Amino acid sequence: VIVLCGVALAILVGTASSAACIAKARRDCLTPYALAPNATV
Amino acid sequence: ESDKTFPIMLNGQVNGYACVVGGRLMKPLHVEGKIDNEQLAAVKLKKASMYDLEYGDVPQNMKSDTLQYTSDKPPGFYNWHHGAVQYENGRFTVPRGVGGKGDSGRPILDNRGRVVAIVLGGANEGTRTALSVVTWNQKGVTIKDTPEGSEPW
Amino acid sequence: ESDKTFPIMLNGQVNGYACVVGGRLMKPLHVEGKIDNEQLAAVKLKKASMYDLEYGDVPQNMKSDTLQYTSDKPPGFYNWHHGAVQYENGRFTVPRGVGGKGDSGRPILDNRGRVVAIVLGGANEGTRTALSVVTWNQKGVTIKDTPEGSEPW
Amino acid sequence: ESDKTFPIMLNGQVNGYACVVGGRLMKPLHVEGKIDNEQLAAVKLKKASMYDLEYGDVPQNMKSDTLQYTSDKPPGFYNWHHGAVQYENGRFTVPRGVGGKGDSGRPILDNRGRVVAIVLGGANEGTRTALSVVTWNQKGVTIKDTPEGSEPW
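Structure representation (structure tokens):
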């Protein structure tokens, strides 16, 4: 059970933390364009 | 000039401004307080953590009343709510010491009745007060230029 | 003159109007949003969905200011906000395509300065616009009228 | 004179008024409602039920507009919202029937622009209308006057 919860916790970090990092980069890379109404992305 | 600008209120006093461009409303993120107009307050803001800005698409009513943008930033004088501002070699310049805290979010306008930059603060170079501002690239990318030590208004 | 009438502000849009008749505030039910006046908005209106209408006693501070409803509806021209409208064959008829969405809840005025009906919307057969309206039989029975293929505004 | 005086919004109507003296807002405790000014609305009211008042400090941005006050009060004409009042025999007097409900919290002023008292409501039995008021003793200590039959406006 300890190892299974370890796997579950690792998977939680893998998913939610990588998703958070990717969202951060996506969000902050979009915003310089999303703020510009005429920028050609 | 300010005809389409909107004030931001902190506990019943002005402490900054918000402005609508490209049908979305921009306001400095550091400016605590509530936007005056309820239609703007209903907007769910997106926070650009490194821009010190938050924004959201305005209700589709004033869709026709947004400020239009232009990339055009020829060096020279530009109009402002509190005067005329001079842009040179990547520096927007204001006569030293004029303007100050609570003036964040002020737009800067082109002589063709359009916005070119928004003010977030500034600092004096000695000859002029340089302003920390957002200014969009030749390719429209919203650049932020802010000479060192620029205080947020 | 019709300043004793009040539109509904939905997202800052006059999607409809309301009138205080006989001391009761009436607005179309289909017109979403909050009424302009805050004291009128405190009234918890009672709806009558068969009429596409909702009613409620206006508070005790302005029931004197209410418009007088009018039983008599002789054939002729009746005042409105968009000038005046003809009444014919028992229906209000209006120039083709003038007036539209957002005009619901606008009262129609007796030339004597009284309200004869409140409009819901209209339709066009091709020759003339026919209005849909709430009405009152000579006996005084309040009624709703809707031409064939009526569109609410 | 009255420019630096503010209404109370109760049901969106002027049911009372509030005054700011020496940098602190005061309005009667019995008069229910919302302070009109947003900065004043932000003040943390502290109760004084025996005085029927609540009060609190105001921000420095609105320091200078506070009403100056004094205890010196010789008898004679005093300016008031309803033009003037007669202060005599230690009380403020007016033509019986003037003022009335809604004027609670209205200040009375020395032509130097110094407030001398705040109105709490009228008293009318027997001879003539006298006004219940809060006042300042020559030592500065506040005194609340309420002739028998005093009722809040």
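Chains as they are written, first to last, in our numbering: chain A, 11 to 51; chain B, 9 to 161; chain C, 9 to 161; chain D, 9 to 161. For every residue, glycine included, the Cβ atom is placed at its ideal position computed from N, Cα and C.
Continuous alpha helix (DSSP H) stretch holding residue i: start and end
{"i": "A:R36", "result": "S28 to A44"}
{"i": "A:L19", "result": "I12 to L22"}
{"i": "D:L48", "result": "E46 to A49"}
Same chain, Cβ closer than 8 Å to residue i, five either side skipped, listed in chain order
{"i": "C:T101", "result": "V93, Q94, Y95, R136, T137, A138 and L139"}
{"i": "D:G30", "result": "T74, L75, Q76 and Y77"}
{"i": "B:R32", "result": "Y63, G64, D65, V66 and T74"}
{"i": "C:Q47", "result": "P67, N69 and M70"}
{"i": "C:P103", "result": "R136 and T137"}
{"i": "B:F14", "result": "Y25, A26, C27, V28, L33, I43, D44, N45 and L48"}
{"i": "B:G105", "result": "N132 and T137"}
{"i": "C:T150", "result": "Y59, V142, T143 and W144"}
Contact set for residue i: own chain, Cβ-Cβ below 7 Å, skip 5 residues either direction
{"i": "D:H89", "result": "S10, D111 and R114"}
{"i": "residue 182 of chain B", "result": "Given a span of 9 to 161 for chain B in the structure shown, any question on residue 182 of chain B remains unanswerable."}
{"i": "C:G148", "result": "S79"}
{"i": "B:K152", "result": "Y59 and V142"}
{"i": "C:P36", "result": "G24, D60, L61, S112, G113 and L128"}
{"i": "B:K109", "result": "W161"}
{"i": "C:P155", "result": "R99, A131, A138 and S140"}
Beta-bridge partners of residue i, as assigned by DSSP
{"i": "B:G64", "result": "B:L33"}
{"i": "D:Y25", "result": "D:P15"}
{"i": "C:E159", "result": "C:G130"}
{"i": "C:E96", "result": "C:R99"}
{"i": "B:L75", "result": "B:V29"}
{"i": "C:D111", "result": "In the DSSP output, where bridge partners are listed per residue, C:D111 has none listed."}
{"i": "residue 7 of chain D", "result": "This structure leaves residue 7 of chain D out entirely; chain D is present only between 9 and 161."}
{"i": "D:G105", "result": "None; D:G105 has no bridge partner."}
{"i": "D:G91", "result": "D:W88"}
{"i": "C:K42", "result": "C:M17"}
Residue range of the unbroken beta strand (DSSP E) whose run includes residue i
{"i": "B:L117", "result": "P115 to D118"}
{"i": "C:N87", "result": "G84 to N87"}
{"i": "residue 165 of chain D", "result": "Because chain D spans 9 through 161 in this model, residue 165 of chain D falls outside it and cannot be assessed."}
{"i": "B:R136", "result": "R136 to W144"}
{"i": "D:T150", "result": "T150 to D153"}
Within chain G, the residues that residue i reaches when beta carbons sit closer than 9 Å
{"i": "B:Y77", "result": "Of the protein chains in this structure, namely A, B, C and D, none is chain G."}
Nonlocal neighbours in the same chain, by C-beta distance under 6 Å from residue i, ignoring five residues either side
{"i": "A:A49", "result": "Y43"}
{"i": "D:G107", "result": "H90"}
{"i": "B:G121", "result": "none"}
{"i": "A:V51", "result": "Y43"}
{"i": "B:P83", "result": "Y95 and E96"}
{"i": "D:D118", "result": "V124"}
**Asked** Does the pairing of the stretch 66 to 78 of chain C with the stretch 43 to 55 of chain C give three or more beta-carbon distances under 8 Å?
**Response** yes
Given 8 Å as the limit, is there contact between the stretch 12 to 27 of chain C and the stretch 11 to 22 of chain B, that is, 3 or more CB pairs closer than that?
no
- Query: Mind listing which residues of the stretch 131 to 156 of chain B have their C-beta closer than 7 Å to chain A's C-betas, in chain order?
  - Reply: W144, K147, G148, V149 and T150
- Residues, ordered as in the chain, of the stretch 12 to 31 of chain D that lie near chain C by beta-carbon distance below 7 Å: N19 and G20
Could you please tell me which residues of the stretch 58 to 76 of chain B, in chain order, have their CB closer than 7 Å to any CB of chain A? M58, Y59 and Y63
*Looking at chain C, which residues of the stretch 85 to 98 of chain B have a Cβ within less than 9 Å of any of its Cβ atoms?*
none
Residues, ordered as in the chain, of the stretch 17 to 42 of chain A that lie near chain B by beta-carbon distance below 9 Å:
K34, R37, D38, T41 and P42
To be precise: take each residue of the stretch 44 to 58 of chain B, compare its Cβ to all Cβ atoms of chain A, and keep it if any distance is under 8 Å. Which residues remain?
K54, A56, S57 and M58
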